[PDB]
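>>> Coordinates for the following, if possible.
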Amino acid sequence: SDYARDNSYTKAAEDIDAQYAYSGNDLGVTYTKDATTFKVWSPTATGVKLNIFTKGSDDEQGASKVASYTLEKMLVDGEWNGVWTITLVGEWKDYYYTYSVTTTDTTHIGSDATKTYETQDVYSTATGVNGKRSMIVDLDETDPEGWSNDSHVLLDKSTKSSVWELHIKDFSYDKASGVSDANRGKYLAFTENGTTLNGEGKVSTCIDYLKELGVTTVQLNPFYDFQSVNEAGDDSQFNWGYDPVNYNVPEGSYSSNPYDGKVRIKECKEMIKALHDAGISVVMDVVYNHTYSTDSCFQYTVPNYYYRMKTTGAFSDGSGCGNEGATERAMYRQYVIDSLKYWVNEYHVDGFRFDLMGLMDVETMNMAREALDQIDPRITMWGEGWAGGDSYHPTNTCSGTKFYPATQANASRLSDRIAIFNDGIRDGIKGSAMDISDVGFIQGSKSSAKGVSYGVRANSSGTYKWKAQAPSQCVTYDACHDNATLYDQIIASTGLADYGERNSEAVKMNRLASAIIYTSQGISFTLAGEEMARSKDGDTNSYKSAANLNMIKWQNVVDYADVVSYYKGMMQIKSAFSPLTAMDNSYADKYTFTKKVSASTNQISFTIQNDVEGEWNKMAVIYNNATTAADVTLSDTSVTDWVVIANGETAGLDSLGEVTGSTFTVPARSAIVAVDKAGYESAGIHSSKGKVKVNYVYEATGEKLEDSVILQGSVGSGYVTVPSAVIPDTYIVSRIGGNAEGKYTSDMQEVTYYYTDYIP
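Residues are numbered from 1 along each chain as shown. The structure is reproduced below:
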């Protein structure tokens, strides 16, 4: 819910915006070898004092207060524009500082009831430990080697993306990642090429694993400066980071040395450079909708201005943390826009994800979208189109237009290149996020088939709980950092095994969900480690749980190499068919669904008439969430010869069979993807990945104890195969044919685990 209220705080802030608004783009430190400059926009302040130090804290050896100066009012044409400036002559690099602002609030300008605060610069670019002290860094110095040649690694269309939502700690915090001792959980785990599981050199991990999996984007969890982890305390502290402190300053606990401010910048840039060199785009999660506490730099500089104030004087609780930034405000809007531009231009990020996007206002988001477009329009923007609580915001914004929250309901006003995370498809696929045990479509819910069928088109065709101006305004996904993981939800709802423990039926549902996400329009978005069945031990909220519980268990790239390969093949499927990555609604009417989109059906099916030259001319798709195989007849009978390219066992770009007519026998809880034979033969799209088939044969009779699984990978890359974890303990591998480990050769290989009786 949201309400439009006006009060004394809003009127005073509007007057401030009308009079004192500033647009010089040079607030904060403007360091040069000749002289340093400082600027603080605070109309309500009676005086500002700058305090230079030598160490970002008093507990560091050699820490001492250097000097204090007084910042005087900045005058243009004799009138005050709200800023306090001072120039220090001489060399001042690496010198910390703070401000001592004596100020009233917005409603009491000119009165003598001031209060004195000591505050880190709102525009801090570098900070000592815990971000409580600024620093005058020379940013040109912190560029790693070859940084001048780094360029944005951007998609041509954000719908082609396969976003990998990766937490910087979890990426490498496991000792099984094989990363050096000093770099487990930092920016620099991303710069180490040649990593492997347990350093054994057999199967890759981390960055080489990313190049293998082919993800086109990686969305990094909050690595701006945040509060909830002590940058000087225990190294095992984990926190997503939704308690922002310094937006413009990289987080400190992800660097080898947080006490020095150049080190965090250097190492963050190093990580971004590493990912850009891996050909993988980088997407920064941002949280401009709130700050850690109201005792912030914004409040200490201009109280009650930068936040939305209720009529009673309390702060609005729309974000659920006790406050919420007033994005409608003439200077906070400019702050957010300039912070986005600064992150992009300095740390070479390629796109953003706005937490609780519903709080921000549509006009501000259109302004940010236009500003990022002015750099490069392929910079991807998206975010959660809701809010955490009741928001009380002004009736208008600083520009004079009405105030509209950026919600899913307002997606019609919100720009089409600002995707809204599709809760509709998320719950249609795997169930409502509010309950971990809820049963979605994949688990067997017939009713959610409507949600899945509408989300197949990015909700941009028709209306189910919301609508998108285009599929480019939809992030097709079923999991992210928030709430439980896909495999967690599947296991919890099925009740077949404990969390993270491999289960064949749950793996089938996971493959089906991957097919649903990767044959749909819009942006494909996956939780990092979602292919390998990542599990948080079922924890529905892990924002600050154990780092060893949130870390990616890198044994899962071996234990779930078949699921990794299914995902890696579905990615190729989606990238090899233009309708599955169309930005606009040109292909909305080609989806000749077999049943009504609103039908509660166990087996979803449809077909896509592609029109791009040199590609498959048609595809079928049949999601069969039933416990038993079911024959599905296509209402589109214009094509009767087909070449399956995915099924319940393996997925990819290679013919897994052929079907005559238009009737497909779809296995239980499994998807089928086909293509027209003529188009397949004429296009020439073919999988260059090697393959391995791992059977599990009871030796005495030749019957299979468990189904075979197909592994996949690039030709020339290694692999490792293991006995299936689902075979009972009463069986013992007596022999293993073929290469139980090795590399992927262009010609298919095989491995057979023969079994016999055993007494555990």
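>>> C-alpha only now, for contacts and for neighbours.
Fine.
>>> What's opposite the nearest residue to residue 659 once chain neighbours are set aside in the beta bridge?
Closest residue in space to residue 659, ignoring its immediate chain neighbours: residue 642 at 5.2 Å, by CA to CA, 6 or more residues apart in numbering. Assessed by DSSP bridges, residue 642 has beta-bridge partners residue 659, residue 676.
>>> What is the neighbour count of residue 740?
For residue 740, the neighbour count with other CA atoms under 10 Å is 17.
>>> re the thing from before, correct me, but the residue nearest to residue 659 touches residue 656?
No: with contacts counted by CA atoms under 8 Å, residue 642 stays clear of residue 656, the gap being 10.6 Å.
>>> of those two, who's got more company?
The residue with more neighbours, out of residue 642 and residue 656, is residue 642; 25 against 16, by other CA under 10 Å.
>>> who's in contact with that one?
Applying CA atoms under 8 Å, 6 or more residues apart in numbering to residue 642 gives the contacts 658, 659, 660, 674, 675, 676, 677.
>>> Now a ChimeraX select for only the buried ones of the residues you listed.
In ChimeraX, this line selects whichever of the contacts of residue 642 come out buried by 16 or more other CA atoms under 10 Å:
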select :659,674,675,676,677
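>>> Tell me the one among the contacts of residue 642 nearest to residue 256.
Among the contacts of residue 642, residue 674 lies closest to residue 256 (CA to CA), at 50.1 Å.
>>> Roughly how far does the closest one sit from residue 623?
Counting by CA to CA, to the nearest Å, the gap from residue 674 to residue 623 is 12 Å.
>>> the helices in the stretch 451-600 of the chain, which residues?
486-494, 504-518, 547-550, 556-559, 561-575 (DSSP state H, counting those that start in this stretch).
>>> For the last one, name the packing helices and strands.
Taking 3 or more CA pairs under 8 Å, 6 or more residues apart in numbering; DSSP states H and E as contact, the helices and strands that helix 561-575 lies on are helix 504-518, strand 704-713.
>>> returning to that earlier point: dump the contacts of residue 642 to CSV, plus distance to residue 488.
Shown next, in CSV, are the contacts of residue 642 (distance: CA to CA, whole Å):
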residue, distance to residue 488
658, 35
659, 35
660, 38
674, 30
675, 33
676, 36
677, 38
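>>> And the contacts of residue 642, which is closest to residue 240?
Nearest to residue 240 among the contacts of residue 642 is residue 674, at 40.4 Å by CA to CA.
>>> So which of the helices of the stretch 451-600 of the chain is nearest residue 425?
Nearest of the helices of the stretch 451-600 of the chain to residue 425, taken as CA to CA: helix 504-518 at 8.7 Å.
>>> Please put the alpha-carbon coordinates of that closest one into CSV.
Only the C-alpha atoms of helix 504-518 are listed here, as CSV (Å, rounded to 0.1, in the frame of the first residue of the first chain):
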residue,chain,number,x,y,z
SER,A,504,15.9,-37.9,-8.8
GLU,A,505,12.3,-36.5,-8.8
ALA,A,506,13.4,-33.2,-7.5
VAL,A,507,16.2,-33.0,-10.1
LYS,A,508,13.5,-33.7,-12.8
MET,A,509,11.4,-30.9,-11.5
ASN,A,510,14.5,-28.6,-11.5
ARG,A,511,15.2,-29.5,-15.1
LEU,A,512,11.6,-28.8,-16.0
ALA,A,513,11.8,-25.4,-14.3
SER,A,514,15.0,-24.6,-16.2
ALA,A,515,13.1,-25.5,-19.4
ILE,A,516,10.3,-23.2,-18.4
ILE,A,517,12.6,-20.3,-17.6
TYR,A,518,14.7,-20.8,-20.7
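>>> Need the residues that contact it.
Against helix 504-518 from outside (CA under 8 Å, 6+ apart): 429-430, 442-443, 452, 456, 476-478, 486-487, 490-491, 494, 524-525, 533, 563, 566-567, 570-571, 573-574, 580, 623, 625, 648, 669-671, 726.
>>> ok, now with 7 Å
Contact partners of helix 504-518, identified using CA atoms under 7 Å, 6 or more residues apart in numbering, comprise 429, 442-443, 476-477, 487, 490-491, 524, 563, 566-567, 570-571, 574, 648, 669-671.
>>> Can you pull the phi/psi pair for residue 429?
Dihedral pair for residue 429: phi -70, psi -60, per degrees, to the nearest 10.
>>> same question, residue 84
phi -120, psi 120.
>>> if I look at it, how far off is residue 248?
Taken as CA to CA, the span from residue 84 to residue 248 is 20 Å.
>>> same deal with residue 689?
Distance, residue 689 to residue 248, using CA to CA: 42 Å.
>>> May I ask you to confirm that residue 241 is in contact with residue 222?
Yes: counting by CA atoms under 7 Å, residue 241 does reach residue 222; the two are 5.4 Å apart.
>>> Can you lay out the helices and strands packed on helix 561-575 as a markdown table showing distance to residue 139 and mean neighbour count?
Below are those laid out as a markdown table (distance: least, CA to CA, whole Å; neighbours: other CA atoms under 10 Å):
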| stretch | distance to residue 139 | mean neighbour count |
| --- | --- | --- |
| helix 504-518 | 41 | 25 |
| strand 704-713 | 41 | 19 |
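>>> Could you export these as a markdown table, including distance to residue 35?
Below are the helices and strands packed on helix 561-575 laid out as a markdown table (distance: least, CA to CA, whole Å):
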| stretch | distance to residue 35 |
| --- | --- |
| helix 504-518 | 55 |
| strand 704-713 | 56 |
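>>> one step back: closest to residue 150 out of the helices of the stretch 451-600 of the chain?
Nearest to residue 150, of all these, is helix 561-575, at 25.5 Å by CA to CA.
>>> following the closest one, which helix or strand comes up?
Next helix or strand after helix 561-575 toward the C-terminus (DSSP states H and E): strand 603-609.
>>> got a list of contacts for that next one?
449, 590-594, 617-625.
>>> Buried subset of those as a PyMOL selection?
Buried members of the contacts of strand 603-609, defined by 16+ other CA under 10 Å, are picked up in PyMOL with:
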select buried, resi 449+590+591+592+593+594+617+618+619+620+621+622+623+624+625
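>>> Please state the backbone phi and psi of residue 99?
Residue 99 adopts backbone torsions of phi -120, psi 150, taken as degrees, to the nearest 10.
>>> Check the separation of the first and last residues in stretch 652-659.
Span of stretch 652-659 from end to end, CA to CA: 17 Å.
>>> brain fart, stretch 542-560
Start and end residues of stretch 542-560 are separated by 23 Å (CA to CA).
>>> what distance separates that stretch from the middle of the whole chain?
Centroid separation for stretch 542-560 versus its chain: 17 Å, with CA atoms, centre = their mean, to the nearest Å.
>>> Show residues contacting it.
For stretch 542-560, the external contacting residues (CA under 7 Å, 6+ apart) are 170-171, 173-174, 176-177, 197, 236-240, 529, 532, 534, 536, 564, 720.
>>> Please flag which of the residues you listed sit within strands.
If you go by DSSP state E, the contacts of stretch 542-560 have residue 720 in strands.
>>> Filter the contacts of stretch 542-560 down to the buried ones, PyMOL style.
To isolate the buried members of the contacts of stretch 542-560 in PyMOL, using 16+ other CA under 10 Å:
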select buried, resi 170+171+173+174+176+177+197+237+238+239+240+529+532+534+536+564+720
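>>> Please identify the nearest residue in space to residue 477, excluding sequence neighbours.
In space, and not counting its chain neighbours, residue 477 is closest to residue 525: 4.9 Å by CA to CA, 6+ apart.
>>> count of residues packed around the one you found?
Neighbourhood size, residue 525 [other CA under 10 Å]: 25.
>>> Assign residue 331 to helix, strand or coil.
Following DSSP: H, G, I helix; E, B strand; the rest coil, residue 331 is assigned to helix.
>>> give the contact list for it.
Taking CA under 7 Å, 6+ apart, we find residue 331 in contact with residue 21.
>>> That one and residue 88, how far apart?
Taking CA to CA, one finds residue 331 at 26 Å from residue 88.
>>> buried sites along stretch 305-321?
Taking 16+ other CA under 10 Å as the criterion, stretch 305-321 shows 305, 306, 307, 308, 309, 310, 315, 316, 317, 318, 319, 321 as buried.
>>> do the same with stretch 626-637
Going by 16+ other CA under 10 Å, stretch 626-637 has these buried residues: 626, 629, 630, 632, 633, 634, 636.
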